[PDB]
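Shown below: final.json, with JSON, C-alpha atoms and all ligand atoms.
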[["chain", "number", "residue", "atom", "x", "y", "z"],
["V", 1, "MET", "CA", 16.55, 115.23, 240.78],
["V", 2, "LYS", "CA", 20.35, 116.03, 241.16],
["V", 3, "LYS", "CA", 21.70, 117.34, 237.74],
["V", 4, "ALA", "CA", 19.72, 118.25, 234.50],
["V", 5, "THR", "CA", 22.18, 117.50, 231.57],
["V", 6, "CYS", "CA", 26.06, 117.38, 231.17],
["V", 7, "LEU", "CA", 27.91, 120.13, 233.24],
["V", 8, "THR", "CA", 30.37, 122.26, 231.08],
["V", 9, "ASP", "CA", 32.83, 122.31, 228.05],
["V", 10, "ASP", "CA", 35.34, 122.83, 230.99],
["V", 11, "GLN", "CA", 34.60, 119.31, 232.53],
["V", 12, "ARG", "CA", 34.81, 117.91, 228.89],
["V", 13, "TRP", "CA", 38.22, 119.47, 227.89],
["V", 14, "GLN", "CA", 39.45, 119.09, 231.58],
["V", 15, "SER", "CA", 38.88, 115.33, 230.75],
["V", 16, "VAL", "CA", 41.49, 116.18, 227.98],
["V", 17, "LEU", "CA", 44.00, 118.25, 230.21],
["V", 18, "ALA", "CA", 44.15, 115.18, 232.60],
["V", 19, "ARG", "CA", 44.74, 111.81, 230.71],
["V", 20, "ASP", "CA", 42.26, 108.85, 231.26],
["V", 21, "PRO", "CA", 38.42, 109.28, 230.21],
["V", 22, "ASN", "CA", 36.96, 111.43, 233.17],
["V", 23, "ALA", "CA", 33.40, 112.31, 231.85],
["V", 24, "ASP", "CA", 32.71, 110.97, 228.25],
["V", 25, "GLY", "CA", 34.67, 107.60, 228.09],
["V", 26, "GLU", "CA", 34.39, 107.78, 224.18],
["V", 27, "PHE", "CA", 34.36, 111.61, 223.29],
["V", 28, "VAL", "CA", 36.76, 112.84, 220.43],
["V", 29, "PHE", "CA", 38.80, 116.16, 219.92],
["V", 30, "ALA", "CA", 39.86, 118.01, 216.64],
["V", 31, "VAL", "CA", 42.87, 120.48, 216.82],
["V", 32, "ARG", "CA", 43.03, 122.07, 213.26],
["V", 33, "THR", "CA", 46.72, 123.26, 213.83],
["V", 34, "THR", "CA", 48.26, 119.68, 213.85],
["V", 35, "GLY", "CA", 45.36, 118.45, 211.51],
["V", 36, "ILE", "CA", 44.47, 115.59, 214.02],
["V", 37, "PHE", "CA", 41.00, 114.36, 215.35],
["V", 38, "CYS", "CA", 41.83, 111.91, 218.31],
["V", 39, "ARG", "CA", 40.55, 110.36, 221.66],
["V", 40, "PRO", "CA", 41.50, 112.48, 224.94],
["V", 41, "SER", "CA", 45.10, 111.07, 225.71],
["V", 42, "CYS", "CA", 47.34, 112.61, 222.88],
["V", 43, "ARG", "CA", 50.58, 112.87, 225.09],
["V", 44, "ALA", "CA", 53.21, 114.05, 222.46],
["V", 45, "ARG", "CA", 53.52, 117.94, 222.50],
["V", 46, "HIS", "CA", 49.75, 118.56, 221.71],
["V", 47, "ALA", "CA", 48.26, 121.89, 220.34],
["V", 48, "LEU", "CA", 45.96, 123.99, 222.70],
["V", 49, "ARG", "CA", 42.12, 124.15, 223.38],
["V", 50, "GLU", "CA", 42.27, 127.36, 221.17],
["V", 51, "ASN", "CA", 41.37, 125.79, 217.66],
["V", 52, "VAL", "CA", 40.04, 122.43, 219.09],
["V", 53, "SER", "CA", 36.62, 120.69, 218.20],
["V", 54, "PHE", "CA", 34.81, 118.10, 220.50],
["V", 55, "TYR", "CA", 32.33, 115.18, 219.68],
["V", 56, "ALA", "CA", 30.61, 112.09, 221.44],
["V", 57, "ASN", "CA", 31.93, 109.65, 218.67],
["V", 58, "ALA", "CA", 34.80, 109.72, 216.02],
["V", 59, "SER", "CA", 32.10, 108.73, 213.36],
["V", 60, "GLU", "CA", 31.25, 112.53, 213.49],
["V", 61, "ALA", "CA", 34.89, 113.96, 213.32],
["V", 62, "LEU", "CA", 35.27, 111.37, 210.40],
["V", 63, "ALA", "CA", 31.88, 112.55, 208.87],
["V", 64, "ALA", "CA", 33.86, 115.90, 209.19],
["V", 65, "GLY", "CA", 36.70, 114.22, 207.11],
["V", 66, "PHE", "CA", 39.58, 114.60, 209.71],
["V", 67, "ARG", "CA", 42.67, 112.54, 210.97],
["V", 68, "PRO", "CA", 41.48, 109.39, 213.13],
["V", 69, "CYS", "CA", 44.00, 108.85, 216.08],
["V", 70, "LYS", "CA", 43.29, 105.69, 218.27],
["V", 71, "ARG", "CA", 47.13, 105.16, 218.86],
["V", 72, "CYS", "CA", 48.39, 108.73, 220.03],
["V", 73, "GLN", "CA", 50.09, 108.59, 216.54],
["V", 74, "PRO", "CA", 53.49, 110.62, 217.06],
["V", 75, "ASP", "CA", 55.40, 112.86, 214.48],
["V", 76, "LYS", "CA", 58.22, 115.50, 215.06],
["V", 77, "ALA", "CA", 60.32, 116.51, 211.92],
["V", 78, "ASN", "CA", 61.61, 112.85, 211.58],
["V", 79, "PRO", "CA", 61.57, 111.75, 215.43],
["V", 80, "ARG", "CA", 64.11, 108.81, 214.98],
["V", 81, "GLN", "CA", 66.61, 110.65, 212.59],
["V", 82, "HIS", "CA", 66.89, 114.28, 213.99],
["V", 83, "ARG", "CA", 66.18, 115.79, 217.52],
["V", 84, "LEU", "CA", 68.01, 118.69, 219.38],
["V", 85, "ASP", "CA", 65.80, 119.10, 222.58],
["V", 86, "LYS", "CA", 67.35, 122.59, 223.37],
["V", 87, "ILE", "CA", 69.48, 125.32, 221.56],
["V", 88, "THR", "CA", 72.68, 125.21, 223.80],
["V", 89, "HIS", "CA", 75.16, 123.26, 221.50],
["V", 90, "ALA", "CA", 78.58, 124.80, 220.41],
["V", 91, "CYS", "CA", 81.46, 122.82, 222.16],
["V", 92, "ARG", "CA", 82.15, 119.39, 223.88],
["Y", 1, "ZN", "ZN", 45.88, 110.51, 220.07]]

Kindly present the structure from the file in structure tokens form.
Amino acid sequence: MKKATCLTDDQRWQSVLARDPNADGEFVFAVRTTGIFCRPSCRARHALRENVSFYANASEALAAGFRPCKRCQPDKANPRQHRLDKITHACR
């Protein structure tokens, strides 16, 4: 008719680069550098598409035995306590 099946891994992960669910409203992504399997909108400084694994449902990435994020669950070396955004601190 118009299109056979889904287009490309690029439309998929582009759905990631953006924010809100573009193609697969429920698809899940597993970056094995932060050890997190989560839905598309992980905003906090998120690893690349270089070690990342995609699925239709999190029941798979769980059947994998990975970390279920449905609450873009944050974590930077104690976020509340410490910080230092840059490395220009000596005076003042
Ligand atoms: Zn998340």

Distance query residue 70 (chain V) at most 12 Å, all atoms listed in the file, self and fewer than 5 positions along chain excluded, as a list in words: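 Within the cut-off, the hits are residues 26, 27, 28, 29, 36, 37, 38, 39, 40, 41, 42 and 58 of chain V.
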
Exercise: residue 75 (chain V) partners within 10 Å, only C-alpha atoms, chain neighbours under 6 positions left out, as a VMD selection string: chain V and resid 34 44 to 45

Distance of CA of residue 13 (chain V) from CA of residue 46 (chain V), expressed in Å to one decimal place: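 Interatomic distance here is 13.1 Å.
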
Nearest candidate to residue 16 (chain V) (options V:84, V:61, V:90, V:52; using all atoms listed in the file):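 That would be V:52, the residue with the smallest distance to residue 16 (chain V).
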
Which of V:22, V:73, V:88, V:78 sits closest to ligand ZN 1 (chain Y) [using only C-alpha atoms and all ligand atoms]: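 That would be V:73, the residue with the smallest distance to ligand ZN 1 (chain Y).
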
Option closest in space to ligand ZN 1 (chain Y), from V:59, V:19, V:25, V:3 [counting only C-alpha atoms and all ligand atoms]: V:19

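Within 12 Å of residue 9 (chain V), once all atoms listed in the file are used and residues closer than 2 positions along the same chain are dropped, the contacting residues are residues 6, 7, 11, 12, 13, 14, 15, 16, 23, 24, 27, 29, 49, 52, 53, 54 and 55 of chain V.
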
Gap from CA of residue 71 (chain V) to CA of residue 31 (chain V) - Å, one decimal: 16.0 Å

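The interatomic distance for the pair CA of residue 63 (chain V) and CA of residue 21 (chain V) works out to 22.6 Å.
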
Closest of V:17, V:8, V:33, V:43 to ligand ZN 1 (chain Y) - atom-to-atom distances counting all atoms listed in the file: V:43

Which of V:68, V:57, V:18, V:5 sits closest to ligand ZN 1 (chain Y) [using only C-alpha atoms and all ligand atoms]: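 Comparing V:68, V:57, V:18, V:5 against ligand ZN 1 (chain Y), the winner is V:68.
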
For ligand ZN 1 (chain Y), the nearest of the candidates V:86, V:92, V:67, V:2, counting only C-alpha atoms and all ligand atoms: V:67
